[PDB]
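Asker: Sharing a structure below in structure tokens format, with a few things to ask.
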Amino acid sequence: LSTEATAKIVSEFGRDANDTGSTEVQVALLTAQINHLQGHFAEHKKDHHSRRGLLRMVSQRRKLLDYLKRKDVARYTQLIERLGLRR
RNA sequence: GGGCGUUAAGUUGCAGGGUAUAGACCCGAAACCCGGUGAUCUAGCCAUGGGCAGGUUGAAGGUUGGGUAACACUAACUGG
Ligand SMILES: [Mg+2]
Ligand SMILES: [Mg+2]
């Protein structure tokens, strides 16, 4: 992804606006790339070698978001509402 | 020599028998051809109007809920 977009992402979700490694930040970067890449997998439908990378991104987002749900329930609920994931 | 001939009355009427061509002693076909009349029944078509009580199951979809990274997928209701 582009450097201005990731700088936007860490500025809108960051702890100290430098850290780039927090769980909210990693889920925000993952969801930005997933909702950008759905447009690729709507026009190219036989693109399985990148569809696997999308499935990796999905599973990794789900692992981080489950760790957030175990860690802070209030932070997880406000984060899933701020992003716009369903569950 | 043989074949055909010679010495033997025809012709015009009228009546009659027969013949010929005409329908030819009468009645009787399926049929063929030429010219018209018919699509007020029926076959199809075109244009234009009309008719089909009632009562059933309940397809496509559409909402909502769940599910899916998003669909696909699924239950409830609506649908007709
Ligand atoms: Mg990665
Ligand atoms: Mg007529």
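Identifiers in the structure tokens: chain A, B, ... in order shown; residue index from 1 per chain; ligand index from 1 in order shown.
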Within 12 Å of chain B, which residues of chain A come that close, and what is the closest atom pair and distance in Å for each? Count only C-alpha atoms (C1' of nucleotides) and give it as CSV.
Answerer:
```
residue,atom,partner,partner_atom,distance
A:30,CA,B:69,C1',10.4
A:31,CA,B:69,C1',8.8
A:32,CA,B:69,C1',11.4
A:33,CA,B:69,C1',10.6
A:34,CA,B:69,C1',6.8
A:35,CA,B:69,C1',8.1
A:36,CA,B:69,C1',11.0
A:37,CA,B:69,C1',9.8
A:38,CA,B:70,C1',7.2
A:39,CA,B:70,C1',9.9
A:40,CA,B:70,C1',11.8
A:41,CA,B:70,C1',9.5
A:42,CA,B:70,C1',9.3
A:51,CA,B:69,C1',10.5
A:52,CA,B:69,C1',11.6
A:53,CA,B:69,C1',11.4
A:54,CA,B:69,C1',7.8
A:55,CA,B:69,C1',7.5
A:56,CA,B:69,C1',10.1
A:57,CA,B:69,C1',8.7
A:58,CA,B:69,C1',5.8
A:59,CA,B:69,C1',9.0
A:60,CA,B:69,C1',11.2
A:61,CA,B:69,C1',9.7
A:62,CA,B:69,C1',9.9
A:85,CA,B:69,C1',9.7
A:86,CA,B:69,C1',10.6
A:87,CA,B:67,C1',10.8
```
Asker: Take the residues just selected and output them with C-alpha atoms as a short mmCIF file (atom, residue, chain, number, x, y, z; two decimals), in the first residue's frame.
Answerer:
```cif
data_model
loop_
_atom_site.label_atom_id
_atom_site.label_comp_id
_atom_site.auth_asym_id
_atom_site.auth_seq_id
_atom_site.Cartn_x
_atom_site.Cartn_y
_atom_site.Cartn_z
CA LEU A 30 -5.41 -5.11 7.18
CA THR A 31 -8.95 -3.84 6.69
CA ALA A 32 -7.79 -1.04 4.40
CA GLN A 33 -5.99 -3.52 2.17
CA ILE A 34 -8.87 -6.03 2.23
CA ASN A 35 -11.50 -3.47 1.26
CA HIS A 36 -9.14 -2.15 -1.41
CA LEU A 37 -8.46 -5.64 -2.80
CA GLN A 38 -12.10 -6.77 -3.06
CA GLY A 39 -12.25 -4.64 -6.21
CA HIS A 40 -9.40 -6.69 -7.65
CA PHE A 41 -11.23 -9.90 -6.87
CA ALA A 42 -14.44 -8.65 -8.45
CA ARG A 51 -6.73 -14.86 -3.34
CA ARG A 52 -4.62 -16.94 -0.96
CA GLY A 53 -2.84 -13.79 0.23
CA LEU A 54 -6.23 -12.21 0.83
CA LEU A 55 -7.27 -15.25 2.88
CA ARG A 56 -4.06 -14.89 4.88
CA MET A 57 -4.85 -11.22 5.54
CA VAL A 58 -8.39 -12.16 6.63
CA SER A 59 -7.24 -14.85 9.05
CA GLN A 60 -4.56 -12.58 10.51
CA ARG A 61 -7.07 -9.78 11.05
CA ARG A 62 -9.36 -12.26 12.78
CA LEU A 85 -16.68 -4.95 10.57
CA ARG A 86 -19.73 -7.03 11.34
CA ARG A 87 -18.71 -9.44 14.12
#
```
Asker: Could I get the residues of chain B with an atom no further than 12 Å from an atom of ligand 2, each paired with its nearest atom pair and that distance in Å to one decimal, using only C-alpha atoms (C1' of nucleotides) and all ligand atoms, sorted by chain and residue number, as a tab-separated table?
Answerer:
```
residue	atom	partner	partner_atom_place_in_ligand_line	distance
B:37	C1'	ligand 2	1 (Mg)	9.0
B:38	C1'	ligand 2	1 (Mg)	6.4
B:39	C1'	ligand 2	1 (Mg)	6.8
B:40	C1'	ligand 2	1 (Mg)	11.2
```
Asker: Given only C-alpha atoms and all ligand atoms as the basis, pick out the residue of A:26, A:3, A:18, A:11 nearest to ligand 1.
Answerer: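 Nearest to ligand 1: A:26.
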Asker: What is the distance, in Å and to one decimal place, between atom CA of residue 83 of chain A and atom CA of residue 43 of chain A?
Answerer: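 One can read the atom CA of residue 83 of chain A to atom CA of residue 43 of chain A distance as 24.7 Å.
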Asker: Go through A:2, A:7, A:76, A:44 one by one, measure the shortest atom-to-atom distance of each to residue 23 of chain A using only C-alpha atoms, and give the residue with the smallest value.
Answerer: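 Answer, going by the shortest atom-to-atom distance: A:76.
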Asker: Given only C-alpha atoms and all ligand atoms as the basis, pick out the residue of A:10, A:65, A:29, A:74 nearest to ligand 1.
Answerer: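 Closest candidate: A:29.
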Asker: Considering only C-alpha atoms (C1' of nucleotides), can you say which of B:72, B:79, B:34, B:42 comes closest to residue 58 of chain B?
Answerer: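 With only C-alpha atoms (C1' of nucleotides) as the atom set, the closest residue is B:79.
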Asker: Once DSSP has gone over the backbone, tell me which residues of chain A are in alpha helix (DSSP H), as a count of residues only.
Answerer: 65
Asker: Could you check the closest approach to ligand 1 for each of A:68, A:27, A:47, A:82 and tell me which residue wins, using only C-alpha atoms and all ligand atoms?
Answerer: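 Ranked by minimum distance to ligand 1, first place goes to A:27.
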